[PDB]
There are 2 protein chains.
Amino acid sequence: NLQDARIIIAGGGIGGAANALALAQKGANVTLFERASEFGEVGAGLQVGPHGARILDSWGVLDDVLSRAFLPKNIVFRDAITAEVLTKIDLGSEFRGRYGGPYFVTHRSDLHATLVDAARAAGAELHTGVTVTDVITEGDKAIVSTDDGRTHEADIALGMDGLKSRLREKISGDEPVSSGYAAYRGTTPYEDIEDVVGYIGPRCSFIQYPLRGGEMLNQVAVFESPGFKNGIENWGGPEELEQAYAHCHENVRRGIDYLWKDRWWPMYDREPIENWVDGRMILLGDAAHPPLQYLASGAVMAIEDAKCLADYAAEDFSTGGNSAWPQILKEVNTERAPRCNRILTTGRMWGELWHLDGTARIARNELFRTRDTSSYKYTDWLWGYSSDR
Amino acid sequence: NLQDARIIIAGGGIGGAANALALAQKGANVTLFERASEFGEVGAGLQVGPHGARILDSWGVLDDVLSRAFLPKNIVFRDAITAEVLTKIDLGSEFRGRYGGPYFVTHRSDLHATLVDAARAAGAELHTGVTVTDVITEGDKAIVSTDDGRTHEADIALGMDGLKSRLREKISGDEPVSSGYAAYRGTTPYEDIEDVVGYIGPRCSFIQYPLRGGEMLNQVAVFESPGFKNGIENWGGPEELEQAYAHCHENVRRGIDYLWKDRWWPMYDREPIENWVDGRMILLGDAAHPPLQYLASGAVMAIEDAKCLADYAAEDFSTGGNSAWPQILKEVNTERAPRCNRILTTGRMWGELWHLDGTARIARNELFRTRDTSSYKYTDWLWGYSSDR
Ligand SMILES: Cc1cc2nc3c(=O)[nH]c(=O)nc-3n(C[C@H](O)[C@H](O)[C@H](O)COP(=O)(O)OP(=O)(O)OC[C@H]3O[C@@H](n4cnc5c(N)ncnc54)[C@H](O)[C@@H]3O)c2cc1C
Ligand SMILES: Cc1cc2nc3c(=O)[nH]c(=O)nc-3n(C[C@H](O)[C@H](O)[C@H](O)COP(=O)(O)OP(=O)(O)OC[C@H]3O[C@@H](n4cnc5c(N)ncnc54)[C@H](O)[C@@H]3O)c2cc1C
Ligand SMILES: O=C(O)c1cccc(O)c1
Ligand SMILES: O=C(O)c1cccc(O)c1
Ligand SMILES: [Cl-]
Ligand SMILES: [Cl-]
């Protein structure tokens, strides 16, 4: 366990929250600083596969999350031009047995609030409206600076400040890499859908799934922005959606009418990095490994990061104390980097596979149609992973 | 049978020769005019699948052709970058039973000479060094003009003057369509090869097969020419081969050193046309349906054209006489156009599937690897076709 240890977390997204929970359940003294004036997430959906669900269950929050979630029966891929089914991934009891948990979908806002609340319950001290301005290591401590002029000492600091992480600059000068694709979301108060459906087409895709016991439908449009390639600064705006989808089936074109249009998510990732550690600071979540969303595992990775850190630290700290932290951070980095970096790189290829045109589309469609649906070789690496040693 | 009928064939390629044979075996009076001063073909290989082999057997020339041919055990597709096997088509006894004949490979020069000789044996009158300059229909005759000033009358004329057919201009003003790919051939006096091997890579492919009882190896390089896209008039020259293949496996790069470099075949086809008939002239072979070579069926199609024409004419002429010819030509066109035009259009897609790059290549490779190799659904339409009614 971790009662002698103090950890400061910079950032209160799903990642920071999950880490606060995991670490506080082990008895650690956790202080989290979130820049925003309140905790909150987008009132739209995310998908959480069993690689995340198993971990939420281990923290005792799964039943509660599920009470407000939806359990899809399948993931269904369809051709975006014809609407024909290409293949399904069955999410039933055989899937759940193999992977240790359900594939579920829920609101981001609810998952985030549930983690925050549980982190509070377990003894984590969460502070909104506080920005971390610097983190250094001096001797056997992380020294964290905040925007109110104060400095705080801890045994380690977690850099969990997202895709646009400034703390990542301590380790890497890289910039986000544009995919050239943008994402729009919508929910609409709810032919019928009880699955995650993904329509995959030339330079575009469209995803639908139910939320909250089937009352609402989550919709997401991902498309190649011509403005990006043309050098537009604020690229992927909604003027682009009609042409992006014009070649698709009616089922998909109808969907576009529900998207929220006042806001969108231009899709960027970063090139994978092996080293996440700077003294007694470690980058986790998107600050370390921000993906493109095709594997629906960014938030999941962050949740995995939390389980790994807390587990490995509870294992090592009880025998080595606060002197052990640099070895613990190294071990966590060693475990997590190959996993997450494969998700980054594979995710790029997987999205490219969605968006193929011409003959490449014809080959892709046939590949998906003819597969051995009883094999798990395309998904075990993702859903069957665990950090447990 | 056809003894009261006279047919003039314009062109003495594999097509014209096959037609002369088929028609002469039915008792027709055949006159063929070939522009070149002698009969002859390239001393390199072609492939003849059972859709052609069955027909050669029906004319009694297969055993003889095979005595000088090679019988590959498989068609083997390999990745051109890694050299790894993607899939095989087994050409064994189950294949031969299903399709009515062997898949064989031989020299073009030998197949052509064997057809000519058999056409001579069966009573066809072949004339070298004579160019057909015009063909018209007047009343119930085709009137054919030749370059020595003479005109010749026949019941029908076959326009078999190849890819650059001038007689096709009577029906269509289309021009050949560049694929942007060029082909090089080589033979070399013969790790070992007893199959047709096709290495398929990004913007390039490389084909190898044995000839003449395994003594010689036929090699063919097909690649995307950057000069074509850059507007070079005589595009696809040998200065382009080193860069075209630089990214490929050694097995393929070694092969390029054997190609004959003083001559190449820039690959063109034509858009499919439904109507091949102008009065009492019909376009057959490449004049009607010149393909890109990925289905290895251009000469085969021409041989099929000959069987169909001779069969349908022998069926109808015995009851309707020379008055029947326009109906016979219509029926032949009706049968052959959908078949051949599917080969044209599918052949384009099939070559595109060979030459995919990036993620599309990854999907293609997996498609080929995981297929049900006992299914014949991808090949029955090609190899199991017959004109017999
Ligand atoms: C369209 C889309 C769909 C997606 N769908 C899925 C999905 O279905 N499933 C999935 O698992 N993932 C998905 N993801 C990925 C997922 O949203 C992210 O990977 C994840 O939310 C990252 O969590 P995080 O806590 O690391 O970073 P963020 O969520 O970015 O949180 C960072 C937090 O740090 C705060 N902050 C920043 N700087 C400072 C500072 N200096 N001091 C203090 N606080 C600071 C920010 O205000 C913010 O709250 C999706 C992403 C997109 C864009
Ligand atoms: C690289 C490559 C590889 C190929 N491989 C294969 C394969 O493995 N299998 C396969 O089945 N096919 C293959 N083909 C296709 C095949 O070569 C052709 O489809 C076929 O030879 C066409 O035969 P043809 O008689 O219609 O036309 P051609 O062979 O073009 O014959 C036309 C003849 O007409 C003569 N002529 C022209 N104008 C006149 C005139 N006015 N008067 C008199 N005579 C005239 C010409 O001199 C010529 O001999 C390949 C083609 C290429 C380019
Ligand atoms: O919001 C999602 O669930 C999602 C999942 C995958 C890709 C994407 O753009 C979005
Ligand atoms: O010469 C061949 O056998 C051949 C077959 C297919 C494609 C190609 O370019 C050549
Ligand atoms: Cl994601
Ligand atoms: Cl051909």
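Within every chain, numbering begins at 1; the chains are lettered A, B, ... in the order of the sequence lines, protein sequences first and strands thereafter.
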Short of 3.5 Å, which donor-acceptor contacts do chain A and chain B share? List atoms and distances.
unit_1   : atom_1 : unit_2   : atom_2 : d
A:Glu352 : OE1    : B:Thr359 : OG1    : 2.7
A:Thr359 : OG1    : B:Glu352 : OE1    : 2.7
A:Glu366 : OE2    : B:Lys377 : NZ     : 2.7
A:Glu366 : OE2    : B:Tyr378 : OH     : 2.5
A:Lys377 : NZ     : B:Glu366 : OE2    : 2.7
A:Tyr378 : OH     : B:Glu366 : OE2    : 2.5

Side chain to side chain contact (heavy atoms under 4.5 Å, CB included) with A:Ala360: which residues, sequence neighbours excluded? A:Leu356, B:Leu356, B:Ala360

Results of side chain to side chain contact (heavy atoms under 4.5 Å, CB included) for B:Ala363 - residues two or more places apart only: A:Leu353, A:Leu367

